[PDB]
Amino acid sequence: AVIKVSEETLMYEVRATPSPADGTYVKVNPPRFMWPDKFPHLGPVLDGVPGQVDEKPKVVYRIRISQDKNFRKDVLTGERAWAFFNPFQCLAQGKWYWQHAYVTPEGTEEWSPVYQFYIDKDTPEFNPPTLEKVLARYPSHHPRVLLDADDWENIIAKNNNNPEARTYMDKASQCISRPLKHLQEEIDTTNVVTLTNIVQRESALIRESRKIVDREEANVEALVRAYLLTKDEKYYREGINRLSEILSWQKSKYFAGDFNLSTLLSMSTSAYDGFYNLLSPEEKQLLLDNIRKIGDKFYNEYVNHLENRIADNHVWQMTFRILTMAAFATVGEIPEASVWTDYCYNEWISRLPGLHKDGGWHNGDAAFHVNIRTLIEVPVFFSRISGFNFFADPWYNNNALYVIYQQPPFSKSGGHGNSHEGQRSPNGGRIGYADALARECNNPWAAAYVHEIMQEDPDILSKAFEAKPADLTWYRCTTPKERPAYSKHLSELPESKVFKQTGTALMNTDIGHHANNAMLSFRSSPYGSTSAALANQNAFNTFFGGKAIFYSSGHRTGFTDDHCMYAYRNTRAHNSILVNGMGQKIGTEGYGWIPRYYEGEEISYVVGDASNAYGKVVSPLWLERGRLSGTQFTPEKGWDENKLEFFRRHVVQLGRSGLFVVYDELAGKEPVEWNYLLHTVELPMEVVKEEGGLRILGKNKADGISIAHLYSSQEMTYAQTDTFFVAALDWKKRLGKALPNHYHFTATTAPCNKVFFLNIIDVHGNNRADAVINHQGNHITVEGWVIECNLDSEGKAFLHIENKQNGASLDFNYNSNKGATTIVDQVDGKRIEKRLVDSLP
Ligand SMILES: O=C(O)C1=C[C@H](O)[C@@H](O)[C@H](O[C@H]2[C@H](O)[C@@H](NS(=O)(=O)O)[C@@H](O[C@H]3[C@H](O)[C@@H](OS(=O)(=O)O)[C@H](O[C@H]4[C@H](O)[C@@H](NS(=O)(=O)O)[C@@H](O)O[C@@H]4COS(=O)(=O)O)O[C@H]3C(=O)O)O[C@@H]2COS(=O)(=O)O)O1
Ligand SMILES: [Ca+2]
Ligand SMILES: [Ca+2]
């Protein structure tokens, strides 16, 4: 019942295998064919500093697909400049064969092995139309992207009485005759010039220049939309005036990073499509010159690269959408746009939206918000020009649950990904996204999230958030769809939700009444610690009433700086385990996974396995980033030869009590000192010996409490510190002044080859007193629960938890159960019994 994984990595930075996988049942009809490039290409390793990059040849691929193993009876064939193919027809049931070829410059075909896949009677069908169908009916008039000319007068009439629409005209009006200076006079480079490390210097320059470009983009976009809503040409004149100034910044030594360049493409698209029928010859040539120039640059970056990266953050967040809209703005007018529409349309269908198909966001809490406009505007646009519902992708209904569970109403986010610590309460962008899901998917949980939050805070959509990647005001001005009626309440959600492919879990005692909610979050993820994710496999965080207590420490000062690598991404910042003080590898190789779980009512359960996540850093991407950044992946900083053989963490939610039981199995290749970590981020912990173990009291500055009752199969010593491994220096000046210190508890065992830990965590606020832990009859009882477990380094692990009066039980053992976890639960008066075994993700 217990699976051992022996892969060096579960997910690849650069695609290494074909999809659909050999011998699999496909998840959708038609399958989405993808394969590794003939010349696999990592590409530039940072935004400001590319590092060592290889050639990226242009290539041609072919593909053949058939139920005839010898590829003569009824064969689907295609040729592409890129390693993905969409058949654009549902395939017949049965077994299928296929292969792909690389075609050399000389015309020779290099054919792959012949792969197999199967289609069932049950296989779901999601079959968007060919691009040829879409372009055939696509109108030649403008506007056609920001809105359609045939609907223009209707959109104007509808918004005459839309108070949200007034903001465009008010913001745009303040720009008129209010000149914009050149970039060198507007930018602040005073911090930039103090930085000697080139990764830091260029990253600071990107931030400082984006401040100005993003400010003025908001002005230009308001001018375009104000013109569209009023047809007052004063907005056209100032729109062209301002955009012309920004475009002249193009070749400035201060115009840094790819978002700034994509912003020029975006604004040129908006002005070209929206002002089209007013443009002078010179104005039209200016916009078209820059669409041609910058669209070609981005297409050339993407092709033979983007489609096979695990995920390419800036592209997924913003620049892909910007290329797509520039392409459809100009298709049939400039020849380059035919290739771009082909690429963008097929790449979206091939593998977007999202990476994890369970709906969770791979890069964590803050990164999700930078994707909001891409996740809605691209399928809204594709759907209206196609007549086909691109929101039928099941990812969206899945992601609706991620939106709610990862950050409940008025609550701190679950604590994953870069800048997690700043995500303190759902912002207007998140509510605007949930609103779009409610309308486009008729999703009642998304609708309940919007309505229950807007009842407490009716002005939430106008509160502060970064508007550039997330503001859906224009979607709300243009959609014909209404908010669905409030039906479901958030209180009708299951207490717990597990994202098996994302590798996360959220447990809640009262998700529908946030101020009373005791919450625990957990991560053990096949994505590992690359990109914006952290090295926090098998880490948990706790919350009460929407404010954290036990919580991942450190500050997001950058992407690769020493504080990030040693004290924020690093495993030592998290509520997990170190091995002789050493932590998890940085990259996809530092992966975890969730082998088994159970979402119930009187009891829920999740397990994380991080057995392979420790050791030396070997990721080529992160070794190159480290070389450029000054990182030392050495034992002194926390990475050494792997000693870890087995690390499973069992997390049991004890119904709605606010109690959680965390039980750890650990095995090493030799005797090692195990370090058990807890952190808080507002107040120090208070530690006393309690029976044969330790009591660790964490509290926040509000009502929140979390008490760890920690026991181990070996003797422990402990210490607490107020300082990070290395100072949280805000060299970028990207954070507020203060940057409080955090607090770090470490329990270290005597050296041993095996150890077990039991941690009973009591999470509450002013709703009740501390729970009393009774040590009786050689087990432990609290509030009617009875907890037995193995705390013998020489004996077999087991965990038995039962509440006889609630009718709940959990039994994990290697004897009766052969490694399985058996569950008994009560749901709607009915006895539920489950036997849980491992499954891969
Ligand atoms: O609290 C927040 O910080 C925050 C909350 C919001 O939800 C979110 O919208 C906002 O995102 C912005 C960041 O705050 C901002 N940080 S800043 O310091 O630059 O002002 C920035 O973050 C980007 C950056 O491009 C970069 O930031 S940082 O250097 O880590 O400080 C970094 O980008 C990586 C990138 O992820 C990598 N992609 S890859 O796929 O892994 O290869 C690759 O491109 O390298 C760069 C770093 O290169 S370099 O070192 O700079 O040369 O992280 C990005 C990010 O976190 O999104 O921009 C975001 C979004 O801008 S917004 O305001 O329009 O939303 O964050
Ligand atoms: Ca992202
Ligand atoms: Ca993370």
# chains A, B, ... in the order shown; residues from 1 in each chain; ligands from 1
>>> residues_near_ligand(ligand="ligand 2", cutoff="12 Å", atoms="only C-alpha atoms and all ligand atoms", output="PyMOL selection string")
chain A and resi 310-319+353-356+360-372+374-375+417-418+469+530-533
>>> closest_residue(among="A:199, A:490, A:240, A:719", to="residue 176 (chain A)", atoms="only C-alpha atoms")
A:240
>>> select_by_dssp(residues="region 594-820 of chain A", states="alpha helix (DSSP H)", output="list in words")
residues 620, 621, 622, 623, 624, 625, 626, 627, 628 and 629 of chain A
>>> write_last_selection(atoms="N, CA and C atoms", output="CSV table (one decimal), in the first residue's frame")
chain,number,residue,atom,x,y,z
A,620,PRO,N,20.2,22.5,-13.2
A,620,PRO,CA,21.0,23.4,-14.0
A,620,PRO,C,20.5,24.8,-14.0
A,621,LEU,N,19.1,25.0,-14.0
A,621,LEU,CA,18.6,26.4,-14.0
A,621,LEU,C,19.1,27.1,-12.7
A,622,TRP,N,18.9,26.4,-11.5
A,622,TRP,CA,19.2,27.1,-10.3
A,622,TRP,C,20.7,27.2,-10.0
A,623,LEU,N,21.5,26.2,-10.5
A,623,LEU,CA,22.9,26.4,-10.4
A,623,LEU,C,23.4,27.6,-11.2
A,624,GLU,N,22.8,27.8,-12.4
A,624,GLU,CA,23.2,29.0,-13.2
A,624,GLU,C,22.7,30.3,-12.5
A,625,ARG,N,21.5,30.3,-12.0
A,625,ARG,CA,21.0,31.5,-11.2
A,625,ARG,C,22.0,31.7,-10.0
A,626,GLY,N,22.4,30.7,-9.3
A,626,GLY,CA,23.2,30.8,-8.2
A,626,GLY,C,24.6,31.4,-8.5
A,627,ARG,N,25.2,30.9,-9.6
A,627,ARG,CA,26.4,31.5,-10.1
A,627,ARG,C,26.3,33.0,-10.4
A,628,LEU,N,25.2,33.4,-11.1
A,628,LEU,CA,25.0,34.8,-11.4
A,628,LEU,C,24.8,35.6,-10.2
A,629,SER,N,24.1,35.0,-9.1
A,629,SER,CA,23.6,35.8,-8.0
A,629,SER,C,24.6,35.8,-6.8
>>> residues_around(residues="residue 11 (chain A)", least_positions_apart="3", cutoff="8 Å", atoms="only C-alpha atoms", output="ChimeraX atom specification")
/A:310,526-527,588
>>> residues_around(residues="region 187-197 of chain A", least_positions_apart="2", cutoff="8 Å", atoms="only C-alpha atoms", output="list in words")
residues 183, 184, 185, 199, 200, 201, 202, 204, 205, 208, 209, 211, 212, 629 and 732 of chain A
>>> write_last_selection(atoms="N, CA, C and O atoms", output="tab-separated table (two decimals), in the first residue's frame")
chain	number	residue	atom	x	y	z
A	183	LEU	N	11.43	59.68	-19.90
A	183	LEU	CA	11.67	58.67	-18.87
A	183	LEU	C	12.83	59.07	-17.96
A	183	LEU	O	12.75	58.88	-16.74
A	184	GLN	N	13.90	59.63	-18.52
A	184	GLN	CA	15.06	60.00	-17.70
A	184	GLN	C	14.73	61.06	-16.67
A	184	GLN	O	15.44	61.16	-15.66
A	185	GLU	N	13.69	61.86	-16.88
A	185	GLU	CA	13.26	62.86	-15.91
A	185	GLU	C	12.22	62.34	-14.94
A	185	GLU	O	12.01	62.96	-13.89
A	199	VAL	N	22.88	41.14	-11.09
A	199	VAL	CA	21.50	40.65	-10.98
A	199	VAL	C	20.67	41.63	-10.17
A	199	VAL	O	19.52	41.93	-10.53
A	200	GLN	N	21.22	42.15	-9.07
A	200	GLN	CA	20.47	43.09	-8.25
A	200	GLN	C	20.29	44.42	-8.97
A	200	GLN	O	19.19	44.98	-8.98
A	201	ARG	N	21.34	44.94	-9.60
A	201	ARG	CA	21.25	46.22	-10.28
A	201	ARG	C	20.19	46.20	-11.38
A	201	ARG	O	19.36	47.11	-11.48
A	202	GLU	N	20.21	45.17	-12.23
A	202	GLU	CA	19.25	45.12	-13.33
A	202	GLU	C	17.84	44.88	-12.81
A	202	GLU	O	16.88	45.46	-13.32
A	204	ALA	N	16.58	45.86	-9.88
A	204	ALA	CA	16.15	47.17	-9.39
A	204	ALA	C	15.76	48.10	-10.54
A	204	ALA	O	14.75	48.80	-10.46
A	205	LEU	N	16.56	48.12	-11.62
A	205	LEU	CA	16.25	49.00	-12.75
A	205	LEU	C	14.91	48.64	-13.39
A	205	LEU	O	14.14	49.52	-13.78
A	208	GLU	N	12.22	50.03	-11.07
A	208	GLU	CA	12.10	51.49	-11.08
A	208	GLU	C	11.50	52.00	-12.37
A	208	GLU	O	10.71	52.95	-12.36
A	209	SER	N	11.86	51.39	-13.50
A	209	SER	CA	11.28	51.79	-14.78
A	209	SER	C	9.83	51.33	-14.91
A	209	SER	O	9.01	52.04	-15.49
A	211	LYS	N	7.67	51.22	-12.59
A	211	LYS	CA	6.85	52.18	-11.85
A	211	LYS	C	6.28	53.24	-12.79
A	211	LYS	O	5.09	53.56	-12.73
A	212	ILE	N	7.13	53.78	-13.66
A	212	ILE	CA	6.72	54.88	-14.54
A	212	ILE	C	5.89	54.36	-15.70
A	212	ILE	O	4.84	54.92	-16.04
A	629	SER	N	24.14	35.04	-9.14
A	629	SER	CA	23.64	35.78	-8.00
A	629	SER	C	24.59	35.79	-6.81
A	629	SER	O	24.35	36.54	-5.85
A	732	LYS	N	16.35	46.18	-2.68
A	732	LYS	CA	15.54	46.64	-3.79
A	732	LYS	C	14.62	47.77	-3.39
A	732	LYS	O	14.09	48.47	-4.27
>>> residues_around(residues="residue 57 (chain A)", least_positions_apart="5", cutoff="10 Å", atoms="only C-alpha atoms", output="mmCIF file with N, CA, C and O atoms, in the first residue's frame")
data_model
loop_
_atom_site.group_PDB
_atom_site.id
_atom_site.type_symbol
_atom_site.label_atom_id
_atom_site.label_comp_id
_atom_site.auth_asym_id
_atom_site.auth_seq_id
_atom_site.Cartn_x
_atom_site.Cartn_y
_atom_site.Cartn_z
ATOM 1 N N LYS A 38 13.464 18.997 -30.560
ATOM 2 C CA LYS A 38 14.683 18.377 -31.071
ATOM 3 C C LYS A 38 15.914 18.991 -30.422
ATOM 4 O O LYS A 38 16.897 18.291 -30.142
ATOM 5 N N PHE A 39 15.879 20.301 -30.175
ATOM 6 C CA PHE A 39 16.920 21.010 -29.437
ATOM 7 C C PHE A 39 16.288 21.611 -28.181
ATOM 8 O O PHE A 39 15.911 22.792 -28.172
ATOM 9 N N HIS A 41 15.308 23.606 -25.008
ATOM 10 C CA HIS A 41 15.781 24.977 -24.827
ATOM 11 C C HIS A 41 15.265 25.577 -23.527
ATOM 12 O O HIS A 41 14.071 25.871 -23.394
ATOM 13 N N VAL A 303 8.618 30.691 -29.394
ATOM 14 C CA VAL A 303 8.569 29.484 -30.208
ATOM 15 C C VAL A 303 9.744 28.580 -29.868
ATOM 16 O O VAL A 303 10.856 29.041 -29.555
ATOM 17 N N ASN A 304 9.470 27.277 -29.850
ATOM 18 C CA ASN A 304 10.443 26.257 -29.463
ATOM 19 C C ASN A 304 11.029 26.517 -28.073
ATOM 20 O O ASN A 304 12.198 26.224 -27.807
#
>>> closest_residue(among="A:579, A:206, A:175, A:92", to="residue 253 (chain A)", atoms="only C-alpha atoms")
A:206
>>> atom_distance(atom1="CA of residue 682 (chain A)", atom2="CA of residue 560 (chain A)")
25.0 Å
>>> closest_residue(among="A:662, A:644, A:782, A:535", to="ligand 3", atoms="only C-alpha atoms and all ligand atoms")
A:535
>>> closest_atom_pairs(of="region 134-226 of chain A", to="region 387-404 of chain A", cutoff="12 Å", atoms="only C-alpha atoms", output="CSV")
residue,atom,partner,partner_atom,distance
A:134,CA,A:387,CA,8.7
A:137,CA,A:387,CA,10.3
A:138,CA,A:387,CA,11.2
>>> write_last_selection(atoms="N, CA and C atoms", output="PDB file, in the first residue's frame")
ATOM      1  N   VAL A 134     -12.465  30.179 -37.237  1.00  0.00           N
ATOM      2  CA  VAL A 134     -12.529  31.420 -36.467  1.00  0.00           C
ATOM      3  C   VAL A 134     -12.174  32.614 -37.346  1.00  0.00           C
ATOM      4  N   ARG A 137     -14.850  33.839 -40.191  1.00  0.00           N
ATOM      5  CA  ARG A 137     -15.950  34.708 -39.792  1.00  0.00           C
ATOM      6  C   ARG A 137     -15.476  35.970 -39.088  1.00  0.00           C
ATOM      7  N   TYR A 138     -14.168  36.130 -38.905  1.00  0.00           N
ATOM      8  CA  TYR A 138     -13.647  37.268 -38.151  1.00  0.00           C
ATOM      9  C   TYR A 138     -13.789  38.550 -38.967  1.00  0.00           C
TER      10      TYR A 138
END
>>> closest_residue(among="A:684, A:332, A:545, A:528", to="ligand 3", atoms="only C-alpha atoms and all ligand atoms")
A:528
>>> atom_distance(atom1="CA of residue 592 (chain A)", atom2="CA of residue 358 (chain A)")
16.4 Å
>>> closest_residue(among="A:801, A:213, A:337, A:654", to="ligand 1", atoms="only C-alpha atoms and all ligand atoms")
A:213
>>> closest_residue(among="A:522, A:61, A:272, A:97", to="ligand 3", atoms="only C-alpha atoms and all ligand atoms")
A:522
>>> select_by_dssp(residues="region 466-648 of chain A", states="strand (DSSP E)", output="PyMOL selection string")
chain A and resi 496-499+504-508+518-523+539-544+547-548+577-579+597-598+604-609+644-648
